[PDB]
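Presented below is the structure to which this report refers.
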Amino acid sequence: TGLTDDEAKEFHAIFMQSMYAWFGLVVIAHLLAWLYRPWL
Amino acid sequence: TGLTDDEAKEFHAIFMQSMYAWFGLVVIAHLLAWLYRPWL
Amino acid sequence: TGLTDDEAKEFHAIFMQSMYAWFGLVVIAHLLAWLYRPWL
Amino acid sequence: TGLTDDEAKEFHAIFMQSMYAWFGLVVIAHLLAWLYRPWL
Amino acid sequence: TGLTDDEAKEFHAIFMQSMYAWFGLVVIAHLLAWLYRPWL
Amino acid sequence: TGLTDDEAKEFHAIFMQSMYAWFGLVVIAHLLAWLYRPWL
Amino acid sequence: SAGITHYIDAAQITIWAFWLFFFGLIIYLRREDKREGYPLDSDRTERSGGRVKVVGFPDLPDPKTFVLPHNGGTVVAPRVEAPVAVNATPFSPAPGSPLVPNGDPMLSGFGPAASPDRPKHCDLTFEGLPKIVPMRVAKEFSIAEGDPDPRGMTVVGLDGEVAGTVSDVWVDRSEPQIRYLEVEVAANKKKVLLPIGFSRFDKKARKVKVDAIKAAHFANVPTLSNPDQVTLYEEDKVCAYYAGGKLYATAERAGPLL
Amino acid sequence: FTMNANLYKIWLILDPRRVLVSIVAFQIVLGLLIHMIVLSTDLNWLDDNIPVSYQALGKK
Amino acid sequence: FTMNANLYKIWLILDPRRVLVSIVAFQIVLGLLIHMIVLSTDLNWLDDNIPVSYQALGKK
Amino acid sequence: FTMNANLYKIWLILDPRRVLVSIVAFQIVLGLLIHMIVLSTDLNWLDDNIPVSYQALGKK
Amino acid sequence: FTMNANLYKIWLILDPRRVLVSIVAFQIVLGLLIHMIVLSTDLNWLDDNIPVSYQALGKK
Amino acid sequence: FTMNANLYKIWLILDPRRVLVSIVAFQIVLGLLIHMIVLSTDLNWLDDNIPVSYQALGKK
Amino acid sequence: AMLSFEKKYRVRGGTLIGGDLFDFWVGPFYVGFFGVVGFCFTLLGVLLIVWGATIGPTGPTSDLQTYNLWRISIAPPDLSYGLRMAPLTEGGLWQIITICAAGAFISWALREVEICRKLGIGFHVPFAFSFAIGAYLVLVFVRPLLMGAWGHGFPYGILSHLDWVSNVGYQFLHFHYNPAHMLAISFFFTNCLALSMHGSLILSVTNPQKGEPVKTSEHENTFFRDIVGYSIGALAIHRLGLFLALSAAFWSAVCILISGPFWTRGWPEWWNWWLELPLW
Amino acid sequence: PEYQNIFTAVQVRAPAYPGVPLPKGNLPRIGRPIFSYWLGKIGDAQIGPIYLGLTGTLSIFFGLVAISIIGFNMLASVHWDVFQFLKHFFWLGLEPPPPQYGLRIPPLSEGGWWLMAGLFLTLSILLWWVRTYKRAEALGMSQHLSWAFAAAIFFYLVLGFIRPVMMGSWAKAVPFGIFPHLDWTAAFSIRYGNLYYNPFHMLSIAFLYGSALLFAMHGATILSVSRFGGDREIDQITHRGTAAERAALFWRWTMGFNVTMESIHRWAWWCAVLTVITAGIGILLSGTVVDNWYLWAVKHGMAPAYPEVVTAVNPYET
Ligand code: BCL
Ligand code: BCL
Ligand code: BCL
Ligand code: BCL
Ligand code: BCL
Ligand code: BCL
Ligand SMILES: CC[C@H]1c2cc3[nH]c4c(c3C)C(=O)[C@H](C(=O)OC)c4c3nc(cc4[nH]c(cc(n2)[C@@H]1C)c(C(C)=O)c4C)[C@@H](C)[C@@H]3CCC(=O)OC/C=C(\C)CCC[C@H](C)CCC[C@H](C)CCCC(C)C
Ligand SMILES: CC[C@H]1c2cc3[nH]c4c(c3C)C(=O)[C@H](C(=O)OC)c4c3nc(cc4[nH]c(cc(n2)[C@@H]1C)c(C(C)=O)c4C)[C@@H](C)[C@@H]3CCC(=O)OC/C=C(\C)CCC[C@H](C)CCC[C@H](C)CCCC(C)C
Ligand SMILES: COC1=C(OC)C(=O)C(C/C=C(\C)CC/C=C(\C)CC/C=C(\C)CC/C=C(\C)CC/C=C(\C)CC/C=C(\C)CC/C=C(\C)CCC=C(C)C)=C(C)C1=O
Ligand SMILES: COC(C)(C)C/C=C/C(C)=C/C=C/C(C)=C/C=C/C(C)=C/C=C\C=C(C)\C=C\C=C(C)\C=C\C=C(C)\C=C\CC(C)(C)OC
Ligand SMILES: [Ba+2]
Ligand SMILES: [Ba+2]
Ligand SMILES: [Ba+2]
Ligand SMILES: [Ba+2]
Ligand SMILES: [Ba+2]
Ligand SMILES: [Fe+3]
């Protein structure tokens, strides 16, 4: 898969952090949206 | 399928845990869904 | 189908038990279904 | 049919009992059906 | 991508502030637009 | 690609002022336009 | 005011969007169109000594590389191709004038007889064995039940004279089909290829007509630098000769008619 | 699970990877099919107002 | 142990990569699907006016 | 166990470049889709005329 | 400004030229789209008679 | 301390001839475009009847 | 100007008519005797379409006169003129323009013919072209003839001819039921499928994933055989596509040829022969 | 006289070819080949083998389900009289949920079968999509097919799923029947004010005519250079031959410019993909954005005026 065993820990390290960051942006926007106009 | 018996136990185990985590999220969603909005 | 007589005992064995487990799950779903909302 | 003369005997044996089993399950389901819901 | 490990710090460094600059210009024009003509 | 670093500093310099001149002529036109015919 | 009809509706602006994407598309396809044959040939380029390379609008796209399978190479487009003399002389020195072929028209290798220099290597099967080979090299191949076997029919030119007889049949190992007919020439018993595209059958007679060249011309069919395979170069050289007969093989295909 | 014959031999006759794929596919189809048929019949369990009405709990 | 005591062996027969990615696609589509299903029934949550009709608030 | 512990190994299995870009595409499309979904329902936020209407904002 | 720090390594995976042009196209398009979106809604700023009607600078 | 300070290097990556010609073209098109867009709306400057009506060389 | 490999083929001769008289090139276009005739037919035709746009149906000052590209239209004469030449300003113009268009297309075809003769290639293109020329003729010559008047031809205008198609089609109530129409539509569609499939294949093999080499004939066949259990093969797909497109034009020509002259009733009614067989 | 390369006049056989090998994961191939002397008369005589994976089997499955609901329903509509079914088949069909139902899942007897056949058909089509991408990857090739199929799927989805949902009514999707679906097309144009003045449908019509023009031209060309092995477009693309040269030149001398053996396939590709892509756009706007195309065209001054020689007074106005 053209990666080494250390660069799938490393890549993964970066991915996990980036995704959790993004999801952070998401839960943020959705809470704001729930504030202005709750949908449930 | 180019795997050895150790990389199918390794895979099976990790898979099982991942699949169960996802399913966990599922019952999570189903409980939130059921409390505010019972369907049965 | 390129199998020897012994991997037709093993495959048949694992197959059989898995299918019976599945039939179990089905009988389960049908019983829950039969209790809550009879169709017969 | 790439089989031997004895291996159309064995197949036939196994086939026959398996088939009588299916037609039987069928006669059962058909009686089950006929008592509860006559159509004739 | 035929880059050295040092020359994507470089590309990243310049890219990021430029991108952010764009986001700035955007937030500005959006504020200007919001003042002149709110949409929510 | 295929310029020395000095001729893309140069090119960037000349480009930048030239583009800014265009931005100038445009801002000119937009102000006259706002004067003869307010749109906002 | 709940009725200010807007004059611009989604259909207008979407037809606008279309036309813009369209223009970019057209341009792009015209750029791929110049991956061969370009820059053009004018006396504008030669008059200027070359400072006027002819390319038009749009311009030429950066080369693209094709990586041939099997140690084959790397091809590029657009590329720089070495000029090649013309085996003909201007019918007029005036521009836009055609050229008359030099010498015996079929030999000229000009006009319907012209052709480029394709590789002097062979097209290959997936495996990498010469794709086009004769049935003698391709042991496995076989005529289709109910089809006259070409092997043994008589090849006859445009004026009804025998040329030779079919000594074998060349086939595609990639897409099973008759690609070439082999011709044991009568006049010198030398072996030549005859493209299927130039050959007509006369099954009840076991003949293989050729309106293309005359029986005699079969004597000059370009030859193979090896009788059990053929190169790309050789395929062009073979077909183009026959093609020449379409305008040269008679002192009349030259046209007019009136 | 009570003995039947030599009905294991089926796998000397029928390829296991393929029967697996056959069952997975067939069952998936049947599942969606019946689910929708029921969703399309009176035994509907969604569009019933169960157990609390949702279309006249907010258009209100 | 009365249970698929050798059910790793499935990944000796069925390609793990394909099966995984296939699994992901399958769930994403089913999610899309069922969501669409719910949207078509009484259980719909959007064209509902929840918690207040917006197509009848505004000044004006 | 909720905890993965060897799920770095997934990039030993799935091309990182492709999975990445895949996510980029899937997210941007989904964003576009649901945005449109919201725009078509009660929860719409553009044609609301809130807090003051612009289309009947002039006597002229 | 990553914000920290080895997320430069991202240009070790995805071509800088391609990523750049991709963003350029994507934005150059998106801008037009929303421009259009705005043109059909309350935020329309042209065929509004704002601040004075121009096809009422004469007759037509 | 920021970083917008090596933003000349852009001409080491994107062909200047192309970026230029691209921009020249893009602008001529955008110009014709916007002109037509305004021309189809109220802000029109052709069919306004301003300042001396030409179809009024008589009683019009 | 010439392609970078063109001079070696620019041979002299091959005409049908003219010989060295017009046997020369102009830029990239080949002239030849039929190009000169063609250019004459074409130019006068277009220039006349220009005069028709200039005059309009009621005169140059009328509101119906127009230079708007969508609405300019030159329509045939009324039926009262039958097969006679009608006055210029009463559909005559349309007749002449038609003569010019037909002549230009037939010239064009013959010029492709001289061009095939020059290059030593097959005459498949101008033969194929001749199907469109045939289609055009039924739509302006054959049909209106069988119908005792040239006025049955369609007008030459961007949307007016669309209106023509529309009302002639609707005279038969539900044209979709025309069986030749159903055929022709199927061929136009199938043509569109093969074209999209061939396109896709060639571009999918000559340009594969980075890291892979130009694909092969074996790939080509293996793919469509993988998906749909068959591959008609490279040559033949070029053969099929030509079949589909030429047939699509054919059945369009026959589908309209039968609408009037050989069938006057509504079209769905045609299918009656099927509901009335003595099987039901 | 000269062979036209219309009919293989003499064919040849070799043991069938199971094809290039797929990597691990792409399951075996099934079925064992046969040759049809007649297909052979016009094309590769080999019939199969075929590949069938999870995807492919799950698609064959959904697709046949959908075909069964449509068919069974048609037999039901003539009362199971298979004779009558045979008699009116062209006119038989499975109509969509009635409007009274909107987008709700309707009862079996009122359209629910259509929604199930629509459901399963679409799923089976998009599964055939995935199938063709898998089948296209195992060979290292590119996704050109898949981008076109994705365009045609786009139009399909626009017809029976996207527009109906947007319009809030399954009754707006197209019904399954030959003549019935012909009627849906005509009624469709009538309802929305003559689809001829709908620009997108004009372009799609230009692109359909164009797929016919391009395939006719290119095909005629390639056969005309089939004497130079011009059909072997792959190597004429890598190692340009006098076939690709005579080919590009025929067009050059006729209409003044030309393309190349590789690029003509890009013109063709894009033109086909364009039909379906203008077409879907055309349906997208019908009812959602424009309701009367004839009117739309009048608003944009494209509709012609003819001397009003025949006219009728409007009774609604008396
Ligand atoms: C109409 C009356 C009841 C109903 C009665 C039943 C009955 C009865 C059954 C189900 C079953 C299923 N139902 Mg239900 N079900 C109802 C309402 C719902 C709703 C909903 C939104 O309202 C949903 C999402 C589901 C969803 C499901 C699936 C998760 C499940 C398996 C079948 C399947 O996937 O098909 C296609 C896929 C397969 C057939 C799988 C084939 C593959 C192998 C053999 C099995 C492994 C699959 C998977 C790992 C098993 C997951 C479920 C396990 C039980 C945890 N049901 C209605 C209310 N449902 C079945 C079940 O529970 O499993 C036994 C079943 O027998
Ligand atoms: C009633 C509903 C609310 C609504 C509620 C929400 C909610 C809730 C959300 C959004 C979110 C989004 N909304 Mg909103 N939104 C509404 C009104 C609008 C309007 C408008 C015209 O009025 C607009 C333009 C938007 C626009 C946006 C999008 C910009 C954004 C989702 C991006 C996306 O799809 O993922 C694609 C984007 C990416 C994948 C990231 C781009 C990363 C770039 C390309 C990479 C930079 C390089 C990087 C440094 C290194 C490489 C990293 C790897 C590439 C990853 N909203 C209405 C008012 N909106 C979502 C959000 O906040 O963001 C998640 C969200 O959760
Ligand atoms: C002003 C009237 C129109 C408007 C008209 C335009 C026009 C015209 C353009 C854009 C463009 C952009 N718009 Mg907008 N845009 C508006 C509504 C929104 C909303 C929203 C939540 O409502 C969002 C998120 C956006 C987002 C953006 C970006 C997606 C984009 C430019 C930068 C970019 O892509 O990077 C991402 C950028 C961001 C993530 C920053 C978000 C932008 C600002 C800060 C968001 C404004 C809303 C925000 C919630 C603050 C509102 C103020 C408070 C209510 C007081 N717009 C309103 C509806 N928008 C430009 C474009 O697309 O091409 C590049 C462009 O030409
Ligand atoms: C809508 C209300 C006003 C209006 C308001 C504006 C506003 C506001 C603007 C214009 C502008 C433009 N208007 Mg105006 N305009 C009106 C009516 C008109 C009418 C008319 C028939 O009535 C015309 C012909 C024009 C014409 C034009 C263009 C000349 C010009 C934009 C140039 C461009 O886009 O090209 C593309 C431009 C470029 C590529 C940059 C310009 C450079 C030129 C083209 C040279 C290219 C370089 C080339 C390689 C040559 C090399 C140079 C040598 C080295 C020296 N306007 C209406 C009445 N108009 C714009 C402007 O700047 O001009 C004042 C502008 O901002
Ligand atoms: C309006 C009501 C009826 C209708 C009535 C008609 C009628 C009436 C007709 C058609 C026609 C046809 N219809 Mg219909 N049609 C209907 C519905 C449909 C539907 C659909 C989706 O429902 C479809 C796909 C079609 C499609 C078809 C085609 C099968 C066919 C036209 C092919 C053609 O012209 O080739 C022929 C191609 C040509 C004639 C062009 C020839 C080219 C010439 C030689 C060169 C021209 C050169 C020129 C100068 C180029 C200019 C270039 C510039 C100089 C640069 N119709 C509706 C239901 N339809 C026509 C037909 O049947 O076939 C003729 C016809 O007369
Ligand atoms: C009848 C009255 C109107 C008319 C109304 C319409 C309407 C309404 C439509 C068209 C449509 C089209 N019309 Mg029209 N059309 C008319 C007159 C014409 C004339 C003519 C000469 O006058 C022509 C040439 C055309 C030509 C065309 C085509 C260009 C265009 C779409 C083609 C296509 O293939 O999409 C068809 C291709 C597909 C749908 C994709 C197929 C892919 C699917 C997934 C295949 C699945 C196969 C299946 C799974 C296999 C199992 C089988 C099961 C049994 C199902 N029309 C008249 C004026 N026309 C379309 C359009 O333009 O909309 C703007 C359309 O929907
Ligand atoms: C028969 C199968 C398909 C086909 C085949 C086909 N067409 C062909 C060819 C072939 C093989 C060519 O080789 C030839 C060509 O040169 O390739 C572009 C051609 C051709 N296909 C063209 C058009 C064309 N083909 C069409 C269709 C078809 N042609 C079928 C789909 C269509 C349509 C209606 O769908 C059109 C529009 C031309 C570009 C070209 C022939 C052009 C030509 O011969 O030029 C000479 C004539 C002129 C330059 C114009 C003469 C001026 C006239 C006096 C005025 C015209 C009046 C006209 C009657 C009015 C119409 C007004 C419209 C607004 C309605
Ligand atoms: C530019 C767009 C054009 C186009 C392109 C296009 N079409 C395409 C594609 C592309 C790119 C594909 O990739 C795909 C294809 O596969 O090409 C061959 C396809 C496709 N286009 C097709 C049809 C089609 N496309 C059309 C249109 C168009 N497609 C446009 C012209 C049309 C029209 C409107 O005329 C049609 C009718 C199909 C051949 C194919 C999609 C097939 C599909 O989705 O399959 C779904 C499932 C089934 C059909 C079920 C299979 C039924 C089997 C025949 C039964 C076999 C039974 C078997 C013996 C097993 C036993 C049964 C067991 C249950 C017991
Ligand atoms: C790179 O090369 C390629 C390959 O090679 C490897 C491929 O294999 C492939 C795969 C290709 C395929 C699988 C081909 C697929 C073709 C499809 C799906 C088309 C569908 C066609 C059918 C179902 C058959 C329809 C036709 C019939 C039943 C015949 C009916 C006969 C009728 C109506 C009467 C005939 C008479 C007429 C039509 C009247 C007059 C007609 C003419 C004058 C036409 C003249 C024709 C010629 C050819 C000169 C591709 C795409 C490719 O590009
Ligand atoms: C006796 O017969 C036996 C053999 C049983 C079987 C015979 C079968 C036969 C002969 C069948 C014949 C069928 C024919 C001829 C069918 C022809 C159909 C035609 C011509 C159709 C034309 C157009 C149809 C279209 C475009 C359909 C579009 C439908 C769509 C796009 C439906 C989409 C629905 C979806 C995606 C469903 C969503 C469900 C959700 C999830 C939303 O539900 C909540
Ligand atoms: Ba609700
Ligand atoms: Ba609202
Ligand atoms: Ba406003
Ligand atoms: Ba005005
Ligand atoms: Ba009777
Ligand atoms: Fe081709």
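Going through the structure tokens in order, the chains are called A, B, and so on, while each chain numbers its residues from 1 and the ligands are numbered from 1 in the order shown.
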
TODO: Please check which protein, DNA or RNA residues sit within 6 Å of ligand 6, counting only C-alpha atoms and all ligand atoms, and write them as a ChimeraX atom specification.
DONE: /M:189 /N:125,152-153,155-156,185-186,188-189,195-196,201,204-205,208,276,279-280,282-283

Would you mind exporting N, CA and C atoms of the selected residues as a compact mmCIF listing (two decimals), in the first residue's frame?
```txt
# COMPACT_ATOMS: atom_id res chain seq x y z
N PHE M 189 -30.81 6.49 -30.44
CA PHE M 189 -30.39 6.28 -29.07
C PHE M 189 -29.22 5.30 -28.98
N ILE N 125 -29.40 -0.31 -11.03
CA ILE N 125 -28.68 0.44 -12.05
C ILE N 125 -27.38 0.96 -11.40
N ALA N 152 -25.57 9.27 -17.71
CA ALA N 152 -26.85 8.72 -18.12
C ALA N 152 -27.71 8.39 -16.89
N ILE N 153 -27.07 7.93 -15.81
CA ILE N 153 -27.76 7.62 -14.56
C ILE N 153 -28.29 8.97 -14.14
N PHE N 155 -29.42 11.44 -15.75
CA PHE N 155 -30.66 11.80 -16.46
C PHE N 155 -31.77 10.93 -15.93
N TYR N 156 -31.54 9.63 -15.80
CA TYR N 156 -32.53 8.69 -15.29
C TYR N 156 -33.06 9.18 -13.94
N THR N 185 -44.03 10.90 -22.18
CA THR N 185 -43.17 11.91 -22.83
C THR N 185 -43.97 13.05 -23.48
N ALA N 186 -45.01 12.66 -24.23
CA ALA N 186 -45.80 13.65 -24.93
C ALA N 186 -46.58 14.54 -23.98
N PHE N 188 -45.82 15.11 -21.07
CA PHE N 188 -44.82 15.94 -20.40
C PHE N 188 -44.55 17.22 -21.14
N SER N 189 -44.40 17.11 -22.45
CA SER N 189 -44.14 18.32 -23.21
C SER N 189 -45.34 19.24 -23.23
N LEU N 195 -42.08 21.55 -25.20
CA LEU N 195 -40.69 21.43 -24.78
C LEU N 195 -39.69 21.89 -25.84
N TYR N 196 -40.14 22.18 -27.06
CA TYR N 196 -39.23 22.65 -28.11
C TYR N 196 -38.58 23.99 -27.80
N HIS N 201 -33.37 21.32 -23.95
CA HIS N 201 -33.79 20.20 -24.74
C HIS N 201 -33.37 20.44 -26.19
N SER N 204 -29.62 19.26 -26.06
CA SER N 204 -29.57 17.82 -25.92
C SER N 204 -29.95 17.24 -27.30
N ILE N 205 -30.87 17.88 -28.01
CA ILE N 205 -31.22 17.37 -29.33
C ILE N 205 -30.04 17.56 -30.31
N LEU N 208 -27.60 14.80 -29.61
CA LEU N 208 -28.05 13.46 -29.99
C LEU N 208 -27.83 13.35 -31.49
N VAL N 276 -27.32 13.39 -22.63
CA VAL N 276 -27.77 13.10 -21.28
C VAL N 276 -27.51 14.25 -20.33
N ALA N 279 -30.02 17.04 -21.41
CA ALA N 279 -31.32 16.40 -21.23
C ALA N 279 -31.77 16.44 -19.80
N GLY N 280 -30.95 15.94 -18.88
CA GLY N 280 -31.32 15.95 -17.48
C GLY N 280 -31.54 17.36 -16.98
N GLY N 282 -32.56 19.78 -18.68
CA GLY N 282 -33.83 20.17 -19.30
C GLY N 282 -35.03 19.74 -18.48
N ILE N 283 -34.98 18.52 -17.95
CA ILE N 283 -36.07 17.99 -17.14
C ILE N 283 -35.99 18.61 -15.76
```

Using only C-alpha atoms and all ligand atoms, which residues of the polymer chains come no farther than 6 Å from ligand 8? I'd like the answer as a compact mmCIF listing (two decimals) with N, CA and C atoms, in the first residue's frame.
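Final output, selection-v9.txt:
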```
# COMPACT_ATOMS: atom_id res chain seq x y z
N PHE M 189 -30.81 6.49 -30.44
CA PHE M 189 -30.39 6.28 -29.07
C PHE M 189 -29.22 5.30 -28.98
N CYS M 192 -26.13 6.69 -29.90
CA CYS M 192 -25.59 7.47 -28.80
C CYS M 192 -24.93 6.56 -27.73
N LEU M 193 -25.40 5.32 -27.56
CA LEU M 193 -24.79 4.43 -26.57
C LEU M 193 -23.45 3.90 -27.06
N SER M 196 -20.93 6.52 -26.92
CA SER M 196 -20.38 6.75 -25.59
C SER M 196 -19.51 5.63 -25.05
N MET M 197 -19.81 4.40 -25.43
CA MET M 197 -19.01 3.27 -24.98
C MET M 197 -17.63 3.19 -25.65
N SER N 59 -26.91 -7.01 -8.27
CA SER N 59 -27.50 -6.09 -9.22
C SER N 59 -28.40 -6.86 -10.13
N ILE N 60 -27.97 -8.07 -10.49
CA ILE N 60 -28.77 -8.92 -11.36
C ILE N 60 -30.03 -9.21 -10.55
N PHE N 61 -29.80 -9.51 -9.29
CA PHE N 61 -30.85 -9.78 -8.34
C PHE N 61 -31.84 -8.57 -8.33
N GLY N 63 -32.35 -5.99 -10.22
CA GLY N 63 -32.90 -5.73 -11.54
C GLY N 63 -34.00 -6.66 -12.03
N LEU N 64 -33.82 -7.95 -11.72
CA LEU N 64 -34.81 -8.94 -12.13
C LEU N 64 -36.06 -8.82 -11.23
N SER N 124 -30.38 -1.26 -8.65
CA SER N 124 -29.73 -2.21 -9.56
C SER N 124 -28.94 -1.49 -10.64
N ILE N 125 -29.40 -0.31 -11.03
CA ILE N 125 -28.68 0.44 -12.05
C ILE N 125 -27.38 0.96 -11.40
N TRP N 128 -24.97 -1.56 -11.04
CA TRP N 128 -24.30 -1.91 -12.27
C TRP N 128 -23.22 -0.86 -12.49
N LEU N 145 -15.91 5.32 -18.70
CA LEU N 145 -17.19 4.71 -18.90
C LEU N 145 -17.96 5.21 -17.72
N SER N 146 -17.48 4.85 -16.55
CA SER N 146 -18.13 5.23 -15.34
C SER N 146 -18.46 6.71 -15.24
N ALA N 148 -19.36 8.34 -17.89
CA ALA N 148 -20.48 8.56 -18.80
C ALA N 148 -21.73 7.93 -18.27
N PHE N 149 -21.60 6.69 -17.80
CA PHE N 149 -22.72 5.96 -17.22
C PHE N 149 -23.22 6.90 -16.14
N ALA N 152 -25.57 9.27 -17.71
CA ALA N 152 -26.85 8.72 -18.12
C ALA N 152 -27.71 8.39 -16.89
N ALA N 272 -21.48 12.61 -26.44
CA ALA N 272 -22.52 11.68 -25.99
C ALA N 272 -22.86 12.08 -24.58
N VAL N 273 -21.85 12.17 -23.74
CA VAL N 273 -22.08 12.57 -22.37
C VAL N 273 -22.89 13.85 -22.43
N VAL N 276 -27.32 13.39 -22.63
CA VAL N 276 -27.77 13.10 -21.28
C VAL N 276 -27.51 14.25 -20.33
```

Open item on the list: as a count of residues only, please: every protein or nucleic acid residue near ligand 9 (cut-off 6 Å, counting only C-alpha atoms and all ligand atoms).
Closed with: 21

- [ ] Show which residues sit within 9 Å of segment 96-100 of chain G, as a ChimeraX atom specification. Count only C-alpha atoms, and ignore same-chain residues fewer than 6 positions away.
- [x] /G:86-90,110-111 /M:1,7-13,23-28

As a PDB file with C-alpha atoms, in the first residue's frame, please: the residues near segment 11-15 of chain K (cut-off 7 Å, only C-alpha atoms, same-chain neighbours under 3 positions excluded).
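Below is the file that was written, part_9.pdb:
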```
ATOM      1  CA  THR E   1       5.067  14.356  -4.802  1.00  0.00           C
ATOM      2  CA  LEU E   3       9.235  17.354  -2.736  1.00  0.00           C
ATOM      3  CA  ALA E   8       6.471  21.274   1.945  1.00  0.00           C
TER       4      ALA E   8
ATOM      5  CA  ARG J  17      -4.049   9.584  -0.630  1.00  0.00           C
TER       6      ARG J  17
ATOM      7  CA  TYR K   8       2.886  20.439   5.940  1.00  0.00           C
ATOM      8  CA  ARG K  18      -3.073  20.045  -8.360  1.00  0.00           C
ATOM      9  CA  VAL K  19      -4.310  21.059  -4.927  1.00  0.00           C
TER      10      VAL K  19
END
```

TODO: Report as JSON, numbers by chain: the residues of chain K with a DSSP assignment of alpha helix (DSSP H), based on the backbone of this structure.
DONE: {"K": [16, 17, 18, 19, 20, 21, 22, 23, 24, 25, 26, 27, 28, 29, 30, 31, 32, 33, 34, 35, 36, 37, 38, 39]}

Could those residues be written to a file, using C-alpha atoms, as a PDB file, in the first residue's frame?
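In the end it all went to out00.pdb:
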```
ATOM      1  CA  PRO K  16       0.735  21.225  -4.606  1.00  0.00           C
ATOM      2  CA  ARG K  17       0.065  22.218  -8.222  1.00  0.00           C
ATOM      3  CA  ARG K  18      -3.073  20.045  -8.360  1.00  0.00           C
ATOM      4  CA  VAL K  19      -4.310  21.059  -4.927  1.00  0.00           C
ATOM      5  CA  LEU K  20      -3.860  24.734  -5.827  1.00  0.00           C
ATOM      6  CA  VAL K  21      -5.576  24.625  -9.153  1.00  0.00           C
ATOM      7  CA  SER K  22      -8.310  22.451  -7.557  1.00  0.00           C
ATOM      8  CA  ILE K  23      -9.056  25.115  -4.991  1.00  0.00           C
ATOM      9  CA  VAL K  24      -8.932  27.810  -7.709  1.00  0.00           C
ATOM     10  CA  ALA K  25     -11.506  26.008  -9.866  1.00  0.00           C
ATOM     11  CA  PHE K  26     -13.658  24.991  -6.934  1.00  0.00           C
ATOM     12  CA  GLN K  27     -13.850  28.568  -5.589  1.00  0.00           C
ATOM     13  CA  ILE K  28     -14.091  30.266  -8.985  1.00  0.00           C
ATOM     14  CA  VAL K  29     -17.201  28.027  -9.582  1.00  0.00           C
ATOM     15  CA  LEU K  30     -18.742  28.252  -6.077  1.00  0.00           C
ATOM     16  CA  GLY K  31     -18.600  32.012  -6.160  1.00  0.00           C
ATOM     17  CA  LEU K  32     -20.665  32.067  -9.301  1.00  0.00           C
ATOM     18  CA  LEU K  33     -23.156  29.577  -7.827  1.00  0.00           C
ATOM     19  CA  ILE K  34     -23.890  31.502  -4.646  1.00  0.00           C
ATOM     20  CA  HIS K  35     -23.879  34.740  -6.683  1.00  0.00           C
ATOM     21  CA  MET K  36     -26.715  33.164  -8.619  1.00  0.00           C
ATOM     22  CA  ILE K  37     -28.419  31.928  -5.436  1.00  0.00           C
ATOM     23  CA  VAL K  38     -28.380  35.449  -4.081  1.00  0.00           C
ATOM     24  CA  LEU K  39     -29.754  36.730  -7.405  1.00  0.00           C
TER      25      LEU K  39
END
```
